[PDB]
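Text of the file query.txt, holding compact mmCIF, N, CA and C atoms:
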# COMPACT_ATOMS: atom_id res chain seq x y z
N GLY A 1 -18.93 -4.01 -24.91
CA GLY A 1 -19.33 -5.43 -24.77
C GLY A 1 -18.22 -6.25 -24.14
N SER A 2 -17.90 -7.41 -24.72
CA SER A 2 -16.73 -8.24 -24.34
C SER A 2 -15.38 -7.54 -24.56
N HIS A 3 -15.34 -6.54 -25.45
CA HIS A 3 -14.26 -5.57 -25.63
C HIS A 3 -14.82 -4.14 -25.65
N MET A 4 -13.93 -3.16 -25.51
CA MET A 4 -14.17 -1.72 -25.51
C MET A 4 -13.04 -1.02 -26.28
N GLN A 5 -13.32 0.14 -26.89
CA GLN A 5 -12.38 0.85 -27.77
C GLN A 5 -11.85 2.16 -27.18
N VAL A 6 -10.63 2.54 -27.55
CA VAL A 6 -9.95 3.77 -27.08
C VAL A 6 -9.28 4.49 -28.26
N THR A 7 -9.16 5.82 -28.17
CA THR A 7 -8.45 6.66 -29.15
C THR A 7 -7.06 7.00 -28.60
N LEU A 8 -5.99 6.73 -29.37
CA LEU A 8 -4.60 6.85 -28.91
C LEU A 8 -3.81 7.86 -29.74
N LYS A 9 -3.20 8.84 -29.08
CA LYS A 9 -2.22 9.78 -29.64
C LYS A 9 -0.81 9.33 -29.28
N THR A 10 0.20 9.82 -30.00
CA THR A 10 1.61 9.45 -29.77
C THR A 10 2.54 10.67 -29.80
N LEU A 11 3.77 10.48 -29.33
CA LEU A 11 4.90 11.41 -29.51
C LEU A 11 5.35 11.63 -30.98
N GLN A 12 4.68 11.02 -31.95
CA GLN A 12 4.95 11.10 -33.40
C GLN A 12 3.75 11.68 -34.18
N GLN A 13 3.04 12.64 -33.57
CA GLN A 13 2.08 13.56 -34.21
C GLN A 13 0.95 12.88 -35.01
N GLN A 14 0.41 11.78 -34.48
CA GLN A 14 -0.63 10.95 -35.10
C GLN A 14 -1.65 10.46 -34.06
N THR A 15 -2.81 9.99 -34.52
CA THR A 15 -3.86 9.40 -33.66
C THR A 15 -4.48 8.16 -34.32
N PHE A 16 -4.84 7.14 -33.53
CA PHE A 16 -5.46 5.89 -33.99
C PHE A 16 -6.52 5.36 -33.01
N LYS A 17 -7.18 4.26 -33.39
CA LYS A 17 -8.34 3.64 -32.74
C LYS A 17 -8.08 2.14 -32.60
N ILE A 18 -8.21 1.61 -31.39
CA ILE A 18 -8.02 0.19 -31.07
C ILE A 18 -9.06 -0.30 -30.05
N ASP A 19 -9.20 -1.61 -29.87
CA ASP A 19 -10.15 -2.24 -28.95
C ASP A 19 -9.55 -3.46 -28.22
N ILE A 20 -9.80 -3.54 -26.91
CA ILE A 20 -9.33 -4.58 -25.98
C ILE A 20 -10.39 -4.87 -24.90
N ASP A 21 -10.22 -5.92 -24.10
CA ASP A 21 -11.06 -6.18 -22.92
C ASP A 21 -10.84 -5.09 -21.83
N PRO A 22 -11.86 -4.30 -21.42
CA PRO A 22 -11.70 -3.21 -20.46
C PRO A 22 -11.35 -3.65 -19.02
N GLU A 23 -11.47 -4.94 -18.69
CA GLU A 23 -11.07 -5.50 -17.40
C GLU A 23 -9.62 -6.05 -17.39
N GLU A 24 -8.91 -6.03 -18.52
CA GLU A 24 -7.45 -6.23 -18.54
C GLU A 24 -6.71 -4.96 -18.08
N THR A 25 -5.44 -5.09 -17.70
CA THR A 25 -4.58 -3.96 -17.34
C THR A 25 -4.05 -3.22 -18.57
N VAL A 26 -3.42 -2.06 -18.33
CA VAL A 26 -2.68 -1.29 -19.37
C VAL A 26 -1.68 -2.16 -20.14
N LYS A 27 -1.11 -3.21 -19.53
CA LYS A 27 -0.19 -4.15 -20.19
C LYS A 27 -0.76 -4.73 -21.48
N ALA A 28 -2.05 -5.08 -21.51
CA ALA A 28 -2.74 -5.57 -22.71
C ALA A 28 -2.86 -4.49 -23.81
N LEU A 29 -3.34 -3.29 -23.45
CA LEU A 29 -3.48 -2.13 -24.32
C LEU A 29 -2.12 -1.63 -24.85
N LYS A 30 -1.05 -1.78 -24.07
CA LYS A 30 0.31 -1.38 -24.41
C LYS A 30 1.06 -2.41 -25.27
N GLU A 31 0.87 -3.70 -25.03
CA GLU A 31 1.43 -4.76 -25.88
C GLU A 31 0.83 -4.76 -27.29
N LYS A 32 -0.49 -4.55 -27.43
CA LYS A 32 -1.18 -4.70 -28.71
C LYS A 32 -0.77 -3.69 -29.79
N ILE A 33 -0.29 -2.50 -29.42
CA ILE A 33 0.17 -1.48 -30.38
C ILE A 33 1.58 -1.74 -30.91
N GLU A 34 2.44 -2.43 -30.14
CA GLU A 34 3.74 -2.91 -30.65
C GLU A 34 3.55 -3.89 -31.82
N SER A 35 2.48 -4.69 -31.82
CA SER A 35 2.12 -5.57 -32.94
C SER A 35 1.80 -4.81 -34.24
N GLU A 36 1.41 -3.54 -34.15
CA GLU A 36 1.04 -2.68 -35.29
C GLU A 36 2.15 -1.71 -35.72
N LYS A 37 2.96 -1.20 -34.77
CA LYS A 37 3.93 -0.10 -34.99
C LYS A 37 5.38 -0.47 -34.65
N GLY A 38 5.60 -1.64 -34.05
CA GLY A 38 6.89 -2.34 -33.98
C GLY A 38 7.76 -2.03 -32.76
N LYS A 39 8.55 -3.04 -32.35
CA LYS A 39 9.62 -2.97 -31.34
C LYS A 39 10.62 -1.84 -31.58
N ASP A 40 10.87 -1.52 -32.84
CA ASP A 40 11.81 -0.49 -33.31
C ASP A 40 11.37 0.96 -33.05
N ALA A 41 10.09 1.19 -32.70
CA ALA A 41 9.52 2.52 -32.46
C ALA A 41 8.69 2.64 -31.16
N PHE A 42 8.09 1.54 -30.69
CA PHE A 42 7.24 1.49 -29.48
C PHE A 42 7.54 0.24 -28.61
N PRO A 43 8.78 0.06 -28.13
CA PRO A 43 9.19 -1.11 -27.35
C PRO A 43 8.42 -1.23 -26.03
N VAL A 44 7.74 -2.36 -25.80
CA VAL A 44 6.90 -2.63 -24.61
C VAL A 44 7.62 -2.39 -23.27
N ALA A 45 8.89 -2.79 -23.18
CA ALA A 45 9.75 -2.60 -22.01
C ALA A 45 10.11 -1.12 -21.71
N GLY A 46 9.84 -0.21 -22.65
CA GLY A 46 10.26 1.19 -22.63
C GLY A 46 9.23 2.15 -23.21
N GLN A 47 7.93 1.83 -23.10
CA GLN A 47 6.84 2.76 -23.41
C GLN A 47 5.83 2.92 -22.25
N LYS A 48 5.15 4.07 -22.24
CA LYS A 48 4.35 4.63 -21.14
C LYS A 48 3.06 5.26 -21.68
N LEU A 49 2.05 5.45 -20.83
CA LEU A 49 0.73 5.98 -21.22
C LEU A 49 0.16 6.98 -20.20
N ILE A 50 -0.62 7.95 -20.70
CA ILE A 50 -1.26 9.05 -19.97
C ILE A 50 -2.70 9.23 -20.44
N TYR A 51 -3.67 9.34 -19.52
CA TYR A 51 -5.06 9.70 -19.83
C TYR A 51 -5.34 11.17 -19.48
N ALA A 52 -4.89 12.08 -20.36
CA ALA A 52 -5.06 13.54 -20.28
C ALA A 52 -4.57 14.19 -18.96
N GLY A 53 -3.60 13.57 -18.28
CA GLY A 53 -2.99 14.05 -17.03
C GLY A 53 -2.84 12.97 -15.94
N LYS A 54 -3.43 11.79 -16.15
CA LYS A 54 -3.45 10.66 -15.20
C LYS A 54 -2.39 9.63 -15.60
N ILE A 55 -1.69 9.06 -14.61
CA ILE A 55 -0.51 8.21 -14.83
C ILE A 55 -0.94 6.75 -14.73
N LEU A 56 -1.08 6.10 -15.89
CA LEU A 56 -1.66 4.76 -16.02
C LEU A 56 -0.65 3.66 -15.61
N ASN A 57 -1.15 2.48 -15.23
CA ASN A 57 -0.40 1.43 -14.55
C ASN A 57 -0.57 0.04 -15.20
N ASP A 58 0.54 -0.64 -15.52
CA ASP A 58 0.55 -2.00 -16.10
C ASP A 58 -0.01 -3.10 -15.16
N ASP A 59 -0.36 -2.76 -13.92
CA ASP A 59 -0.90 -3.67 -12.89
C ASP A 59 -2.30 -3.25 -12.38
N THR A 60 -2.98 -2.30 -13.04
CA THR A 60 -4.36 -1.87 -12.73
C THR A 60 -5.22 -1.87 -13.99
N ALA A 61 -6.44 -2.40 -13.86
CA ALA A 61 -7.38 -2.64 -14.95
C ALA A 61 -7.94 -1.34 -15.57
N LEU A 62 -8.14 -1.36 -16.89
CA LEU A 62 -8.43 -0.17 -17.70
C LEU A 62 -9.70 0.60 -17.29
N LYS A 63 -10.76 -0.11 -16.88
CA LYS A 63 -12.00 0.51 -16.38
C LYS A 63 -11.85 1.35 -15.11
N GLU A 64 -10.81 1.14 -14.30
CA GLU A 64 -10.56 1.92 -13.07
C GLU A 64 -9.95 3.30 -13.34
N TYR A 65 -9.45 3.55 -14.55
CA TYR A 65 -9.11 4.91 -15.03
C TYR A 65 -10.32 5.64 -15.65
N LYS A 66 -11.47 4.95 -15.79
CA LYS A 66 -12.72 5.41 -16.43
C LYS A 66 -12.51 6.05 -17.82
N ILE A 67 -11.69 5.41 -18.67
CA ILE A 67 -11.47 5.82 -20.07
C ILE A 67 -12.78 5.69 -20.87
N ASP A 68 -12.93 6.49 -21.93
CA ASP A 68 -14.18 6.64 -22.68
C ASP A 68 -13.96 6.65 -24.20
N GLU A 69 -14.89 6.05 -24.95
CA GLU A 69 -14.85 5.92 -26.42
C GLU A 69 -14.80 7.26 -27.18
N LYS A 70 -15.20 8.37 -26.53
CA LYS A 70 -15.25 9.73 -27.09
C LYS A 70 -14.13 10.64 -26.57
N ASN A 71 -13.18 10.09 -25.80
CA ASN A 71 -11.97 10.77 -25.33
C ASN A 71 -10.71 10.01 -25.80
N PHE A 72 -9.52 10.55 -25.53
CA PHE A 72 -8.24 9.98 -25.98
C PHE A 72 -7.17 9.90 -24.88
N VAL A 73 -6.18 9.05 -25.14
CA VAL A 73 -5.05 8.66 -24.29
C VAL A 73 -3.77 8.91 -25.09
N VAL A 74 -2.65 9.23 -24.44
CA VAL A 74 -1.38 9.59 -25.08
C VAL A 74 -0.30 8.58 -24.71
N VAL A 75 0.44 8.06 -25.69
CA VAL A 75 1.57 7.12 -25.49
C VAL A 75 2.91 7.85 -25.64
N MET A 76 3.90 7.43 -24.85
CA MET A 76 5.25 8.02 -24.77
C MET A 76 6.31 6.91 -24.68
N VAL A 77 7.58 7.21 -25.01
CA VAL A 77 8.65 6.20 -25.16
C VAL A 77 9.97 6.70 -24.57
N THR A 78 10.72 5.81 -23.91
CA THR A 78 12.05 6.09 -23.32
C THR A 78 13.12 5.03 -23.63
N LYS A 79 12.77 3.93 -24.32
CA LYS A 79 13.61 2.95 -25.06
C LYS A 79 13.67 1.51 -24.48
N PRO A 80 13.81 1.24 -23.16
CA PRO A 80 14.14 2.14 -22.05
C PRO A 80 15.64 2.51 -22.02
N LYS A 81 16.01 3.47 -21.15
CA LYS A 81 17.40 3.92 -20.90
C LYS A 81 18.26 2.93 -20.08
N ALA A 82 17.80 1.69 -19.89
CA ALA A 82 18.47 0.66 -19.09
C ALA A 82 19.88 0.32 -19.63
N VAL A 83 20.91 0.63 -18.84
CA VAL A 83 22.33 0.36 -19.11
C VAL A 83 23.06 -0.09 -17.83
N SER A 84 24.15 -0.86 -17.98
CA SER A 84 24.99 -1.31 -16.86
C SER A 84 25.62 -0.13 -16.09
N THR A 85 25.75 -0.26 -14.77
CA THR A 85 26.29 0.75 -13.84
C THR A 85 26.86 0.11 -12.56
Go through the file and emit its structure as structure tokens.
Amino acid sequence: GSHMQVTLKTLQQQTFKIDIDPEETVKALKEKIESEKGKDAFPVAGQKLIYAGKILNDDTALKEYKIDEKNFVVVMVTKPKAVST
């Protein structure tokens, strides 16, 4: 409807269920899980997403990856590694 739901796996051996507007970008789907699992474990500036082999984008809308309520997506984290050089 006005929102759509997705199943999410993580690098921490768990799975969950969430819902967002399917015409928003990955940025919306990625920000909303930090509200549940925290900056200390899933920092927005340093987390990433995969749809079973596809490389998702914070600047492309969720329906263009054709994600489905009966399939799942995987989240990953790098902190980020941003340091002075």
**Q.** Residue nearest residue 56 (chain A) - candidates A:79, A:73, A:39, A:18, atoms counted: only C-alpha atoms
**A.**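 Distance minimum relative to residue 56 (chain A) lands on A:73.
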Q. Residues at most 6.5 Å from residue 24 (chain A), counting only N, CA and C atoms, excluding those fewer than 6 positions away in the same chain, as a list in words?
A.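 Within the cut-off, the hits are residues 60, 61, 62 and 63 of chain A.
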Q) By how many Å are atom N of residue 70 (chain A) and atom N of residue 57 (chain A) apart? A) 19.0 Å
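Taking only chain A, the residues that DSSP calls strand (DSSP E or B) from the backbone come to residues 4, 5, 6, 7, 8, 9, 10, 15, 16, 17, 18, 19, 20, 25, 47, 48, 49, 50, 51, 54, 55, 61, 72, 73, 74, 75, 76 and 77 of chain A.
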Q: Enumerate, as JSON, numbers by chain, the complete set of residues in chain A that a backbone-based DSSP assignment places in helix (DSSP H, G or I).
A: {"A": [26, 27, 28, 29, 30, 31, 32, 33, 34, 35, 36, 37, 44, 45, 46, 62, 63, 64, 65]}
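Counting all atoms listed in the file, the residue from A:82, A:37, A:72, A:77 that sits nearest to residue 9 (chain A) is A:72.
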Q | Two-atom distance - CA of residue 5 (chain A), CA of residue 35 (chain A) (Å) | A | 16.7 Å
Q | d(CA of residue 65 (chain A), CA of residue 1 (chain A)) in Å | A |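 Pair CA of residue 65 (chain A) / CA of residue 1 (chain A) returns 17.5 Å.
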**Q.** Top pick for closest residue to residue 44 (chain A), considering A:31, A:75, A:85, A:10 and counting all atoms listed in the file
**A.**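 Of A:31, A:75, A:85, A:10, the one nearest residue 44 (chain A) is A:31, counting all atoms listed in the file.
Here the question is which of A:40, A:46, A:4, A:29 gets nearest to residue 81 (chain A) using only C-alpha atoms, and that residue is A:46.
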